[PDB]
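J.: Let me begin by handing over the structure; questions about it come next.
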Amino acid sequence: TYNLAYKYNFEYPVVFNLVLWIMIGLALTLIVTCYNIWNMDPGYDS
Amino acid sequence: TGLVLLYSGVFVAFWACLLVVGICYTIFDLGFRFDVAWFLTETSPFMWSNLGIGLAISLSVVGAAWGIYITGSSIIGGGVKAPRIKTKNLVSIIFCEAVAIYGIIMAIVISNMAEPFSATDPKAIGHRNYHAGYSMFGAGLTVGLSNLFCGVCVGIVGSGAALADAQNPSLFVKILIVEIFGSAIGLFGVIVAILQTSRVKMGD
Amino acid sequence: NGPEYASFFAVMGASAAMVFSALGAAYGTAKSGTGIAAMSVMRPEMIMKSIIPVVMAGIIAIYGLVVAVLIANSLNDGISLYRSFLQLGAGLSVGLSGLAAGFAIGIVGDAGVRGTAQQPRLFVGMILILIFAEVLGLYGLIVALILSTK
Amino acid sequence: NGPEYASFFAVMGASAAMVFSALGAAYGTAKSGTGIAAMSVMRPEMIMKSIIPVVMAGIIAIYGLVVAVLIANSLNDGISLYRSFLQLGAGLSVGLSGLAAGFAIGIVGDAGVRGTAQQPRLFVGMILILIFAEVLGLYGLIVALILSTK
Amino acid sequence: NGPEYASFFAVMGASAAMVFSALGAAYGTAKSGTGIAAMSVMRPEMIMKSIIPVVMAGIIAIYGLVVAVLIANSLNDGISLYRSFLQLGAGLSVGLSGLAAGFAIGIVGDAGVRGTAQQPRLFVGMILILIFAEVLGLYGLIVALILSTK
Amino acid sequence: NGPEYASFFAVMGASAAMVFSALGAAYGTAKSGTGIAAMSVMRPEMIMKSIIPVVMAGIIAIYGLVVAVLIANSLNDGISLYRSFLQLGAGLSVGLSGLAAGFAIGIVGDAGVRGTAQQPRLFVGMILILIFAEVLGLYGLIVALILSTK
Amino acid sequence: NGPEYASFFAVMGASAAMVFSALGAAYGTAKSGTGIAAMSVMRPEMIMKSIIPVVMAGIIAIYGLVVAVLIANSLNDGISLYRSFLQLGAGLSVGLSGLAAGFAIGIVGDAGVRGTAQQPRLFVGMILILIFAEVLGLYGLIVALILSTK
Amino acid sequence: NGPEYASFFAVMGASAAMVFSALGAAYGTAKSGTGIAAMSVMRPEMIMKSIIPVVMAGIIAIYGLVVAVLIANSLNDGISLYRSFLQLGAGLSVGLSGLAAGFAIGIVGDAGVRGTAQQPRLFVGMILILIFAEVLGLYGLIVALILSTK
Amino acid sequence: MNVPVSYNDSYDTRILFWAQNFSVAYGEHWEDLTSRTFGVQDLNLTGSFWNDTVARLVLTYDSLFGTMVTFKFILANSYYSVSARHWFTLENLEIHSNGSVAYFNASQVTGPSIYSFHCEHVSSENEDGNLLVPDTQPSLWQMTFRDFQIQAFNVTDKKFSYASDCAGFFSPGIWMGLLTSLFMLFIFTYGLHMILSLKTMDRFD
Ligand SMILES: CCCCCCCC/C=C\CCCCCCCC(=O)O
Ligand SMILES: *[C@@H]1O[C@H](CO)[C@@H](O)[C@H](O)[C@H]1NC(C)=O
Ligand SMILES: *[C@@H]1O[C@H](CO)[C@@H](O)[C@H](O)[C@H]1NC(C)=O
Ligand SMILES: *[C@@H]1O[C@H](CO)[C@@H](O)[C@H](O)[C@H]1NC(C)=O
Ligand SMILES: *[C@@H]1O[C@H](CO)[C@@H](O)[C@H](O)[C@H]1NC(C)=O
Ligand SMILES: *[C@@H]1O[C@H](CO)[C@@H](O)[C@H](O)[C@H]1NC(C)=O
C-alpha cells in the first residue's frame, strides 16, 4: 500500500502566481532601473 | 531603440520559456495536464462576449482617432500657406469618422444579444451557449481591428490628398477615389460581424 | 456531435480570414495611395491610370470576405473538431497570405508610380509585377476553399 | 483511429506551407520591385528583361501551393498522430525554406538589377546567383514531398 | 513500440535540418550576392571567378538535404522515443551549424569579393578562408550522420 | 535501465556542443575574414601570414567535434538520468565556452590584422594574444571530457 | 539517497562556472585586444609589456576551471538535493563574478593601454587597477570553495 | 526539519550576495578606471591620490563577501523554510544594494577625477561625495546582518 | 496506517483509497470516521463491484449518527474520443442514512486512468472550489477529506501509481483575471509608450 502521493497544498494556484508575477514584476523593475543608471549620459569632459 | 528592447526582450523570454515548458509537458507524460478543453469551457462565456463588445467600439475608435491626426496635422500644416484646404478636405475626416460609426452601430447590435443564464456546469451550459460566447468575441475582433486598419488607411491617403490639394486644387477630386476603396474595408468588417452573429442566440 | 469548445476555432478562422486580409488591404491602399497623391503634383495625367495598384489590393479584401462568408455560414452549433480545424486553417491560409500580397502590392505600387511619373515606359512593366504580387493572395484563396470544403 | 485534435497539426501544415512561401515570395516581389523602378528611369530598355527576379520569386509561391494542396487532399477525420506530424513537418519544411529562399531572391534581385543598369555584362551572372537562391526552395520541396507520401 | 508523440520530434529533426540550413545558405547567397554587383561596375572579368562563394554556400544547403532525407527514410509509425530523439538532435546539429557556416560564408564572401576587386592577389587567400567557413557545416554533418545511424 | 525521457538531455548535449562551438568558429572566421580583405589592398604580401586567426578559429570547430562524437558514442537506449545530465553539462561546457573563445578570436583577429598593415611588429604580439583566446576553448575541453568519462 | 533529477542542478554549476568565466575571460581578451592594436601603430616598444591585461583575464578563466573540476570530482549518482544546490550556488558565484571581473579587466585594460601610448607613467597606474579588478574573480572563488567543501 | 528544496533559496542568498556585489564593484572599477587614463595624460602627478574611487568600490565586493560567508556558515541540510528565506533576502539586500552603490562610485569616480586634474580643489569635495556613495552598500550590510541573526 | 483495498479472487488487486482525515457531518455534529477506516484494518464492504469499466466501494461503519450509515464511492472508466485515452471519473458519491440518499456530486475528481487522483480538500460546504456539491443545496449530510488518493481500474502491485493532482497552476478564476489584466496591461504600456515620447522643444521664437 506504498507509493503515496506528494501532498501539494490546496492553494497552489494562488501561491504559484503570488510568487511569479511579483518576482518577474520586481525583476522587470530591477532591470529597467539598473539599465537607466548603467548608462546615464554624464557631462564627462571636465 | 531603448523602450523597444523591453518588448523585444519580453516577447523572446516569454516564448523562449514556452518552448522549454512545451517540450517538458510532452516529454514526461504530462500532455493530459494541458487541457485546452478545460481552458475554453470552464472559464466563462461572458468573458469572451463582453470583451468582444468592448473591443468592437474601442478598437474602432482607436483607428478613427488614428486616422484624424495623420491628416489633421496635414490640414493645419498645409493650410498655413493655402487656407482654401480647410473646408474642402474635411471629408477625409468624415471618412475616418464613418469607421467609428460602423463600430458603435455594431457595438449596440452585439450588446443586445447578450443575456444572463443560471447554469454553471460545462455540460449544463450547452454548446449553443458557449458558441454564443465565442461568436461575440470573434465578431468584436473582425469589426474592431478591421475598422482600425481602414482607419489608418483613409487617414494616410487623407494626409496625402491634403498636401496635393495645397499644390493644385484640381487634384483632390481624383485622389478622393482612393479613400473610397480604403473605406470599403470598414464595411467589409461589418458584413462578417453580422454574419457571425446572425444565427446566434445567448440565454437560458 | 462535436464538443462545446469546438465552435471556437471556426470563429477564429472566420475572423482571421477577415482581420489579416483587412491589414493587407489597408497597407496595399495606404502605402500605394501615398504614392498617388505624391506623383499627382508633377504629372496629373496618370492620376486616373495609376489607381489600378490600389484596386489590386482591394481584391485582396474580397478574397478574405468570400472565405469569411463561407466559414460563417457553414458554422453551426455542435460541429466536429475536425471541421473546425479545417476552417481555422482555412482563414490563416488566406488572411496571412493576403497580408503578404497586401505588403507586396503596397511596396511595388508605391515604387511603381514614382518611376512612372519619371518615365512612362515603366507602366507596361508595373502592372506585370502587380499581377505577380496579387496571385500570392489568389493562391491563398484556392487553398482556403480546398480546406474548408472537405 | 487516432485522437480528434490530430487534424490540428495537419491543417497547420497546410497553412504554414502556404503563408511562409507567400511571405517569402512577397519579399522577393517587393524588394526586387523597388529595384525595377529605380533603374528604369535611366535604362528603359531593360524592363522586360529585368522582371526575372519577380518571376523566379513567383516559383516559390507555387512551391508552397503544391504542398498545401497535397496535404489538404490527404486530410481525413480520425487520422493517426504519426500521419499528422508528417504533414506538419512537411508544411514547415517547404514554407520556411521557401521563406529563406524568398529573402535571398529579393536581396540579390534588388542589388542585381541595380548593377545591370550600370553594366549589361552582369545580366548573365545575375541569373546564376538567382538560380542558386531559388534551388533552396526546391530543396525544401523534395523533402516536403518525401514527407507527404509517407 | 514507442509512444505516440515520439514521431513529432523526429520530423522536427527532418524540418530543422532543412529550414535552418536553407536559412544559412540564403544568408551566404544574399550577403555575398550584393558584393558581386558592387564589384561588377569596375571589374567585370572576375564575375565567373566570383560565383564560388555562392557555390560554397550552396553546398551548405545540400548538407542539410542529405540528412533530412536520411531522417525521413528512417521514419516509421511508432518509433521508440530514444530513436526519435536521436534524429531531433541530428537535425539541429546540422542546421544550426549550417546556419552559422552560411553566416560565415556570406560575411567573408562580401568583403573578399569587394576586396579582390581592388587587388587580384586576395583571390587565392579569399578562397582559402572560404574553405574554413565551409567545414563548420561539414563537422556538423558528420555528427548528424553518426546520430542518425544509431 | 532508466526513464524513457532520459536520452533527450544527452542528445541535446551532443547538438549544443556542435552548434555553439560552430557559432564561435563562424564568428571567429567572419569577423577576422573582413579584417583580411580591408588590410590586403595596401599590404598584399601578408596574406598567408594572416590566415592564422582563421585557422585558430577553425580549431574551435574541431573542439566541439571531438566532444560531440564522444557524447554520441556513449548514447544507449534507456540510460540513467544521471548519465545524460552529465553529457548535457558536457555539451554546454565546450559549446558555450567555444562560443566565448570564438568571440574572442574574432574581435582581436579583426583589430590585429588591420594594425599589421601599418606595422609588422604587431604580428609577433597578435599571435600571443590569440593563444590566450585559444585556451578558453581548451579549458572548455577538459571540463567537457571530465564530465563524459563519469 | 536523493532523487533521480538531483544531479541536474550540480552539473549546471559545473558548466556555469566554466561558461560564464569564459565569457569574462573572452571580454577581457577581446576588448583589451583592440586597445593593443590601436596603441601598437605608434609605440612598438610597449608590446610585450602591454599584454598584462590579457594575461590577468586568463587568470579569470582558471578560476572557473578549478571549481569545474572540483564540482565534477564531487559528482555522483544518488547525491542528496542539499549537496547539489551548494554546487549550483558555487558555480554561479564564480562564473558570474568572473564575468563581472572579466568585464572590469576588459574596460580598464582597453583604456589603460590606449592611455599609455601617450604617457609611460600610466603603466604603473594601470597595473594597480587591474589588480583590484582581479580580486573580484578571486572573491568569487573563495565562496565557491566554501560552498563546495560542505 | 524543513523540506528538501529549502536549501536552494539560502544558497541563492549566498550566490546573489556575491554575484551582484562583484558586479557592482566591477562597474565602480571600470567606469572610474576609464577616468584615470583620461586624467593622467594631462596630469601624471596625481595617480596615487586618484585611485581612491577604485579602492572605495572594492569594498562593495568585500561587503558582499562577508554575507556570502555568513550565509554559507549557517547552511546545513534540513534548514527550515523560514531560515532559508531570511538568507535569500540577506543576499539580495546586500548584493543589489551593493550594485546600487557600485553605480554611484562608478559615475562620481569617473567624472570626479576628470575635474580633479583640471582643479585640485575638488579633491576635498570628491571624496566627500564618495562617502555617501559607499554607504548604500554599507546600509545593505546591516540589513543583511539583522536578517541573518534570526 | 494503510489503505482499504479490495483484492480480486483472480491474482490481481482492484480499487484502493486513502485519506488522512475522514469526517462526515449530519446536521451539526462532526464524526471522525478515520480510525474506523484506516487504522482499524477490518471493514464491512458488501459489494466491491468490478467489470473493467465500472467499479464501487462501499464502506459501512455501524456506529454513527444514530444508525448504520454507509458511504458509496462510485467510479467509472470511459474512452474519450477527443483525447484518445481512458479517463476515470468519480461519478458522484452516496451516503445512505435512514433509507434516504445524500447524492454528492464530484466533478473535478477526474483523472486519466493510469494515474491516480489526489486532492487536498474534497470537502463539502461550498465556498468556491469544493469538488463535492450536493444535489439539493440545503442538504444535511456533509463530508470532509483533509487528504485524498483513489486509484481505480488500473491498480498494479497493490499500491498507487503516479498522481494526477488537483493542483492546478491556473484554476479558472485566476486564469480569467490574468487574461483580463495582461490584456489591459497591453493597453496601459501602449498608452505609456505614447506618453513617454512627447518631448519638448529646445528653443523659442
Ligand atoms: C508587486 C508589484 C511589483 C511591480 C511594481 C511595478 C512598479 C514599477 C514602477 C516603475 C519603476 C521604473 C523606474 C524607471 C525610471 C525611469 C528613468 C527615467 O525616467 O529617467
Ligand atoms: C481530522 O482528523 C484528525 C485526525 O487525523 C483530527 O485531529 C482532526 O480534528 C479532524 N478534523 C475534523 C474537522 O474532524
Ligand atoms: C454490512 O453492511 C450491510 C449494509 O447493507 C449489512 O446488510 C450487512 O449485514 C453488514 N455485514 C456485517 C458483517 O456487519
Ligand atoms: C459490466 O457491469 C456493468 C454494471 O452495470 C454493466 O452495465 C455492463 O454491461 C457489464 N459489462 C459486461 C461486458 O458484462
Ligand atoms: C436514523 O433513525 C434513528 C431512529 O429514528 C435515529 O436515531 C438516527 O439519528 C437516524 N440517523 C440519521 C443519520 O438521521
Ligand atoms: C449531480 O449528480 C446527479 C446524480 O444523479 C446527476 O444526475 C447530475 O447530472 C449531477 N450534476 C452535475 C452538475 O454534476
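Labels for the C-alpha cells follow display order: chains A, B, ..., residues from 1 in each chain, ligands from 1.
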Return as a ChimeraX atom specification every polymer residue, whether protein, DNA or RNA, with at least one atom no more than 10 Å from an atom of ligand 1; count only C-alpha atoms and all ligand atoms.

T.: /A:18-37,40 /I:196

J.: Could I have chain E as a PDB file with C-alpha atoms, in the first residue's frame after it is superimposed on chain D by least squares, pairing all C-alpha atoms in sequence order?

T.:
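Ended up saving to superposed17.pdb:
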ATOM      1  CA  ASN E   1      -8.090   5.752 -35.585  1.00  0.00           C
ATOM      2  CA  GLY E   2      -6.046   8.629 -34.195  1.00  0.00           C
ATOM      3  CA  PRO E   3      -6.881  11.211 -31.549  1.00  0.00           C
ATOM      4  CA  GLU E   4      -9.237  14.119 -32.082  1.00  0.00           C
ATOM      5  CA  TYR E   5      -6.595  16.856 -31.809  1.00  0.00           C
ATOM      6  CA  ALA E   6      -4.468  15.132 -34.480  1.00  0.00           C
ATOM      7  CA  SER E   7      -5.931  16.933 -37.495  1.00  0.00           C
ATOM      8  CA  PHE E   8      -5.016  20.333 -36.009  1.00  0.00           C
ATOM      9  CA  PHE E   9      -1.324  19.855 -36.757  1.00  0.00           C
ATOM     10  CA  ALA E  10      -1.950  18.600 -40.295  1.00  0.00           C
ATOM     11  CA  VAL E  11      -3.998  21.647 -41.293  1.00  0.00           C
ATOM     12  CA  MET E  12      -1.298  23.704 -39.579  1.00  0.00           C
ATOM     13  CA  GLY E  13       0.967  21.964 -42.061  1.00  0.00           C
ATOM     14  CA  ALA E  14      -1.360  23.073 -44.851  1.00  0.00           C
ATOM     15  CA  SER E  15      -1.457  26.670 -43.610  1.00  0.00           C
ATOM     16  CA  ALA E  16       2.247  27.122 -42.828  1.00  0.00           C
ATOM     17  CA  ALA E  17       3.243  25.670 -46.197  1.00  0.00           C
ATOM     18  CA  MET E  18       1.254  28.459 -47.841  1.00  0.00           C
ATOM     19  CA  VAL E  19       1.593  31.542 -45.643  1.00  0.00           C
ATOM     20  CA  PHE E  20       5.345  31.245 -45.082  1.00  0.00           C
ATOM     21  CA  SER E  21       6.055  30.623 -48.764  1.00  0.00           C
ATOM     22  CA  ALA E  22       3.776  33.531 -49.677  1.00  0.00           C
ATOM     23  CA  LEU E  23       5.644  35.711 -47.171  1.00  0.00           C
ATOM     24  CA  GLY E  24       8.862  34.701 -48.907  1.00  0.00           C
ATOM     25  CA  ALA E  25       7.443  35.355 -52.363  1.00  0.00           C
ATOM     26  CA  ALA E  26       6.157  38.733 -51.174  1.00  0.00           C
ATOM     27  CA  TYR E  27       9.618  39.758 -49.986  1.00  0.00           C
ATOM     28  CA  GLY E  28      11.243  38.645 -53.232  1.00  0.00           C
ATOM     29  CA  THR E  29       8.679  40.596 -55.245  1.00  0.00           C
ATOM     30  CA  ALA E  30       8.779  43.773 -53.145  1.00  0.00           C
ATOM     31  CA  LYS E  31      12.520  44.115 -52.504  1.00  0.00           C
ATOM     32  CA  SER E  32      13.341  43.509 -56.164  1.00  0.00           C
ATOM     33  CA  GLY E  33      10.359  45.545 -57.374  1.00  0.00           C
ATOM     34  CA  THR E  34      11.867  48.746 -56.000  1.00  0.00           C
ATOM     35  CA  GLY E  35      15.014  47.890 -57.940  1.00  0.00           C
ATOM     36  CA  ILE E  36      13.065  47.862 -61.209  1.00  0.00           C
ATOM     37  CA  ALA E  37      11.779  51.396 -60.661  1.00  0.00           C
ATOM     38  CA  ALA E  38      15.227  52.666 -59.670  1.00  0.00           C
ATOM     39  CA  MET E  39      16.671  51.171 -62.864  1.00  0.00           C
ATOM     40  CA  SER E  40      13.885  52.384 -65.169  1.00  0.00           C
ATOM     41  CA  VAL E  41      14.724  56.102 -64.907  1.00  0.00           C
ATOM     42  CA  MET E  42      17.899  55.655 -66.981  1.00  0.00           C
ATOM     43  CA  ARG E  43      17.686  52.256 -68.752  1.00  0.00           C
ATOM     44  CA  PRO E  44      14.091  51.564 -69.862  1.00  0.00           C
ATOM     45  CA  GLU E  45      15.165  48.871 -72.341  1.00  0.00           C
ATOM     46  CA  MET E  46      15.914  46.216 -69.702  1.00  0.00           C
ATOM     47  CA  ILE E  47      12.442  46.322 -68.165  1.00  0.00           C
ATOM     48  CA  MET E  48      11.134  43.054 -69.607  1.00  0.00           C
ATOM     49  CA  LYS E  49      14.548  41.464 -69.082  1.00  0.00           C
ATOM     50  CA  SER E  50      14.217  42.422 -65.399  1.00  0.00           C
ATOM     51  CA  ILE E  51      10.830  40.783 -64.716  1.00  0.00           C
ATOM     52  CA  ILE E  52      12.799  37.527 -64.193  1.00  0.00           C
ATOM     53  CA  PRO E  53      13.668  37.987 -60.445  1.00  0.00           C
ATOM     54  CA  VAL E  54      10.013  38.609 -59.577  1.00  0.00           C
ATOM     55  CA  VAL E  55       9.188  35.562 -61.710  1.00  0.00           C
ATOM     56  CA  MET E  56      11.827  33.492 -59.884  1.00  0.00           C
ATOM     57  CA  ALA E  57      10.193  34.557 -56.617  1.00  0.00           C
ATOM     58  CA  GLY E  58       6.833  33.559 -58.091  1.00  0.00           C
ATOM     59  CA  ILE E  59       7.938  29.929 -58.403  1.00  0.00           C
ATOM     60  CA  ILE E  60       8.578  29.976 -54.642  1.00  0.00           C
ATOM     61  CA  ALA E  61       4.879  30.732 -54.120  1.00  0.00           C
ATOM     62  CA  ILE E  62       3.699  27.803 -56.236  1.00  0.00           C
ATOM     63  CA  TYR E  63       6.274  25.596 -54.502  1.00  0.00           C
ATOM     64  CA  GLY E  64       4.255  25.985 -51.317  1.00  0.00           C
ATOM     65  CA  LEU E  65       0.981  25.775 -53.229  1.00  0.00           C
ATOM     66  CA  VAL E  66       1.448  22.239 -54.581  1.00  0.00           C
ATOM     67  CA  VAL E  67       2.280  20.786 -51.156  1.00  0.00           C
ATOM     68  CA  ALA E  68      -0.580  22.663 -49.493  1.00  0.00           C
ATOM     69  CA  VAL E  69      -3.029  20.995 -51.874  1.00  0.00           C
ATOM     70  CA  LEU E  70      -1.135  17.709 -51.379  1.00  0.00           C
ATOM     71  CA  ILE E  71      -1.698  17.953 -47.626  1.00  0.00           C
ATOM     72  CA  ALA E  72      -5.320  19.103 -48.000  1.00  0.00           C
ATOM     73  CA  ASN E  73      -6.241  16.187 -50.274  1.00  0.00           C
ATOM     74  CA  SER E  74      -4.648  13.724 -47.844  1.00  0.00           C
ATOM     75  CA  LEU E  75      -6.735  15.100 -44.967  1.00  0.00           C
ATOM     76  CA  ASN E  76      -9.464  12.943 -43.445  1.00  0.00           C
ATOM     77  CA  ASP E  77     -11.477  12.722 -40.260  1.00  0.00           C
ATOM     78  CA  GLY E  78      -9.546  10.999 -37.496  1.00  0.00           C
ATOM     79  CA  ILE E  79      -6.156  10.502 -39.123  1.00  0.00           C
ATOM     80  CA  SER E  80      -3.345   9.018 -37.056  1.00  0.00           C
ATOM     81  CA  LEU E  81      -1.114  11.296 -35.001  1.00  0.00           C
ATOM     82  CA  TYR E  82       1.920   9.885 -36.825  1.00  0.00           C
ATOM     83  CA  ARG E  83       0.456  10.853 -40.205  1.00  0.00           C
ATOM     84  CA  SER E  84      -0.610  14.321 -39.069  1.00  0.00           C
ATOM     85  CA  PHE E  85       2.853  15.098 -37.703  1.00  0.00           C
ATOM     86  CA  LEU E  86       4.353  14.136 -41.073  1.00  0.00           C
ATOM     87  CA  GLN E  87       2.282  16.786 -42.845  1.00  0.00           C
ATOM     88  CA  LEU E  88       3.067  19.394 -40.176  1.00  0.00           C
ATOM     89  CA  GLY E  89       6.798  18.961 -40.692  1.00  0.00           C
ATOM     90  CA  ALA E  90       6.209  18.860 -44.442  1.00  0.00           C
ATOM     91  CA  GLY E  91       4.511  22.245 -44.215  1.00  0.00           C
ATOM     92  CA  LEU E  92       7.181  23.994 -42.161  1.00  0.00           C
ATOM     93  CA  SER E  93       9.972  22.536 -44.293  1.00  0.00           C
ATOM     94  CA  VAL E  94       8.772  24.116 -47.542  1.00  0.00           C
ATOM     95  CA  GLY E  95       7.465  27.399 -46.140  1.00  0.00           C
ATOM     96  CA  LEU E  96      10.385  28.463 -43.962  1.00  0.00           C
ATOM     97  CA  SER E  97      12.855  27.337 -46.621  1.00  0.00           C
ATOM     98  CA  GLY E  98      10.709  29.166 -49.154  1.00  0.00           C
ATOM     99  CA  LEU E  99      10.739  32.185 -46.851  1.00  0.00           C
ATOM    100  CA  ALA E 100      14.539  32.033 -46.802  1.00  0.00           C
ATOM    101  CA  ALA E 101      14.698  31.478 -50.570  1.00  0.00           C
ATOM    102  CA  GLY E 102      12.347  34.401 -51.124  1.00  0.00           C
ATOM    103  CA  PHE E 103      14.554  36.494 -48.849  1.00  0.00           C
ATOM    104  CA  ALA E 104      17.616  35.463 -50.863  1.00  0.00           C
ATOM    105  CA  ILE E 105      15.953  36.264 -54.204  1.00  0.00           C
ATOM    106  CA  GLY E 106      14.834  39.747 -53.180  1.00  0.00           C
ATOM    107  CA  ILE E 107      18.241  40.845 -51.901  1.00  0.00           C
ATOM    108  CA  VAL E 108      20.327  39.859 -54.927  1.00  0.00           C
ATOM    109  CA  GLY E 109      17.424  40.799 -57.198  1.00  0.00           C
ATOM    110  CA  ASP E 110      17.556  44.315 -55.764  1.00  0.00           C
ATOM    111  CA  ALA E 111      21.313  44.834 -56.089  1.00  0.00           C
ATOM    112  CA  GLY E 112      21.636  42.851 -59.318  1.00  0.00           C
ATOM    113  CA  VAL E 113      19.026  44.880 -61.188  1.00  0.00           C
ATOM    114  CA  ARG E 114      20.568  48.118 -59.900  1.00  0.00           C
ATOM    115  CA  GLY E 115      24.000  46.724 -60.733  1.00  0.00           C
ATOM    116  CA  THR E 116      23.073  45.716 -64.279  1.00  0.00           C
ATOM    117  CA  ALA E 117      21.648  49.196 -64.921  1.00  0.00           C
ATOM    118  CA  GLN E 118      25.230  50.495 -65.052  1.00  0.00           C
ATOM    119  CA  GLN E 119      26.711  47.497 -66.892  1.00  0.00           C
ATOM    120  CA  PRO E 120      24.906  44.865 -69.011  1.00  0.00           C
ATOM    121  CA  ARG E 121      27.596  42.204 -68.478  1.00  0.00           C
ATOM    122  CA  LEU E 122      26.276  41.489 -64.970  1.00  0.00           C
ATOM    123  CA  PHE E 123      22.923  40.236 -66.310  1.00  0.00           C
ATOM    124  CA  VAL E 124      24.263  36.804 -67.272  1.00  0.00           C
ATOM    125  CA  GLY E 125      25.896  36.517 -63.847  1.00  0.00           C
ATOM    126  CA  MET E 126      22.874  37.855 -61.952  1.00  0.00           C
ATOM    127  CA  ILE E 127      20.500  35.233 -63.354  1.00  0.00           C
ATOM    128  CA  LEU E 128      23.056  32.563 -62.423  1.00  0.00           C
ATOM    129  CA  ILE E 129      23.030  33.643 -58.760  1.00  0.00           C
ATOM    130  CA  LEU E 130      19.217  33.660 -58.830  1.00  0.00           C
ATOM    131  CA  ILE E 131      19.325  29.967 -59.798  1.00  0.00           C
ATOM    132  CA  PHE E 132      21.160  29.148 -56.561  1.00  0.00           C
ATOM    133  CA  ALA E 133      18.670  31.257 -54.610  1.00  0.00           C
ATOM    134  CA  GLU E 134      15.727  29.345 -56.122  1.00  0.00           C
ATOM    135  CA  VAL E 135      16.945  25.785 -55.488  1.00  0.00           C
ATOM    136  CA  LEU E 136      16.844  26.400 -51.719  1.00  0.00           C
ATOM    137  CA  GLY E 137      13.069  26.255 -52.024  1.00  0.00           C
ATOM    138  CA  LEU E 138      13.405  23.311 -54.404  1.00  0.00           C
ATOM    139  CA  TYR E 139      15.391  21.363 -51.807  1.00  0.00           C
ATOM    140  CA  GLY E 140      12.699  22.131 -49.245  1.00  0.00           C
ATOM    141  CA  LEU E 141      10.063  21.021 -51.750  1.00  0.00           C
ATOM    142  CA  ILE E 142      11.422  17.517 -52.338  1.00  0.00           C
ATOM    143  CA  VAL E 143      11.712  16.770 -48.621  1.00  0.00           C
ATOM    144  CA  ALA E 144       8.172  18.094 -48.165  1.00  0.00           C
ATOM    145  CA  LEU E 145       7.153  15.591 -50.848  1.00  0.00           C
ATOM    146  CA  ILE E 146       8.791  12.556 -49.238  1.00  0.00           C
ATOM    147  CA  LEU E 147       7.395  13.569 -45.841  1.00  0.00           C
ATOM    148  CA  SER E 148       3.880  13.825 -47.313  1.00  0.00           C
ATOM    149  CA  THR E 149       4.037  10.481 -49.147  1.00  0.00           C
ATOM    150  CA  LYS E 150       4.659   8.545 -45.926  1.00  0.00           C
TER     151      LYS E 150
END

J.: Show me which bits of chain I are within 9 Å of chain D, counting only C-alpha atoms, as a PyMOL selection string.

T.: chain I and resi 80-85

J.: Counting only C-alpha atoms and all ligand atoms, what are the residues, protein, DNA or RNA alike, that approach ligand 2 to within 8 Å? I want them as a list in words.

T.: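 After applying the 8 Å limit, what remains is residues 20, 21, 22, 23, 30, 31, 32, 34, 144 and 146 of chain I.
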
J.: Using N, CA and C atoms, can you export the residues from the last selection as a PDB file, in the first residue's frame?

T.:
ATOM      1  N   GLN I  20      -6.383  11.217   5.160  1.00  0.00           N
ATOM      2  CA  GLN I  20      -5.841  11.445   6.449  1.00  0.00           C
ATOM      3  C   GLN I  20      -7.054  11.499   7.208  1.00  0.00           C
ATOM      4  N   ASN I  21      -7.711  12.617   7.226  1.00  0.00           N
ATOM      5  CA  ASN I  21      -8.957  12.745   7.962  1.00  0.00           C
ATOM      6  C   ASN I  21     -10.069  12.203   7.077  1.00  0.00           C
ATOM      7  N   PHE I  22     -11.082  11.632   7.722  1.00  0.00           N
ATOM      8  CA  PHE I  22     -12.338  11.283   7.070  1.00  0.00           C
ATOM      9  C   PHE I  22     -13.453  11.623   8.044  1.00  0.00           C
ATOM     10  N   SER I  23     -14.098  12.767   7.841  1.00  0.00           N
ATOM     11  CA  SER I  23     -15.153  13.217   8.733  1.00  0.00           C
ATOM     12  C   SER I  23     -16.444  13.386   7.953  1.00  0.00           C
ATOM     13  N   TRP I  30     -20.070  16.599  14.033  1.00  0.00           N
ATOM     14  CA  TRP I  30     -18.992  16.112  13.184  1.00  0.00           C
ATOM     15  C   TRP I  30     -18.428  14.833  13.784  1.00  0.00           C
ATOM     16  N   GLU I  31     -18.389  13.771  12.983  1.00  0.00           N
ATOM     17  CA  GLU I  31     -17.948  12.457  13.435  1.00  0.00           C
ATOM     18  C   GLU I  31     -16.702  12.061  12.658  1.00  0.00           C
ATOM     19  N   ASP I  32     -15.619  11.782  13.382  1.00  0.00           N
ATOM     20  CA  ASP I  32     -14.316  11.498  12.780  1.00  0.00           C
ATOM     21  C   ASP I  32     -14.238  10.011  12.464  1.00  0.00           C
ATOM     22  N   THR I  34     -12.196   8.196  10.820  1.00  0.00           N
ATOM     23  CA  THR I  34     -10.885   7.914  10.247  1.00  0.00           C
ATOM     24  C   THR I  34     -10.111   6.847  11.001  1.00  0.00           C
ATOM     25  N   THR I 144     -15.891  15.647   4.716  1.00  0.00           N
ATOM     26  CA  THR I 144     -14.660  16.424   4.688  1.00  0.00           C
ATOM     27  C   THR I 144     -13.473  15.485   4.539  1.00  0.00           C
ATOM     28  N   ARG I 146      -9.425  15.754   4.474  1.00  0.00           N
ATOM     29  CA  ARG I 146      -8.217  16.561   4.599  1.00  0.00           C
ATOM     30  C   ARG I 146      -7.055  15.986   3.806  1.00  0.00           C
TER      31      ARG I 146
END

J.: Please, what distance in Å, to one decimal, runs between atom CA of residue 158 of chain I and atom CA of residue 3 of chain I?

T.: 9.8 Å

J.: Could you work out how far atom CA of residue 118 of chain B lies from atom CA of residue 136 of chain B, giving the answer in Å with one decimal?

T.: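 Distance reported for this atom pair: 19.2 Å.
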
J.: Residues within 9 Å of ligand 5 should be enumerated using only C-alpha atoms and all ligand atoms and returned as a count of residues only.

T.: 14

J.: Please identify all protein, DNA and RNA residues within 12 Å of ligand 3, counting only C-alpha atoms and all ligand atoms, and report them as a VMD selection string.

T.: chain I and resid 42 to 48 58 to 63 67 to 72 95 to 99

J.: Any residue with an atom at most 9 Å from ligand 6 counts, using only C-alpha atoms and all ligand atoms. Which are they? Put them as a PyMOL selection string.

T.: (chain B and resi 119-124) or (chain I and resi 91-93+103-107+133-135)

J.: With only C-alpha atoms and all ligand atoms counted, collect every polymer residue having an atom within 12 Å of ligand 4; state the result as a ChimeraX atom specification.

T.: /I:48-56,74-77

J.: Can you tell me, as an MDAnalysis selection string, which residues in chain G count as helix (DSSP H, G or I) by DSSP?

T.: chainID G and resid 4:40 52:73 81:115 122:149

J.: Near segment 5-11 of chain A, counting only C-alpha atoms, which residues have an atom at most 7 Å away, once you skip same-chain residues fewer than 3 positions from it, shown as a count of residues only?

T.: 6
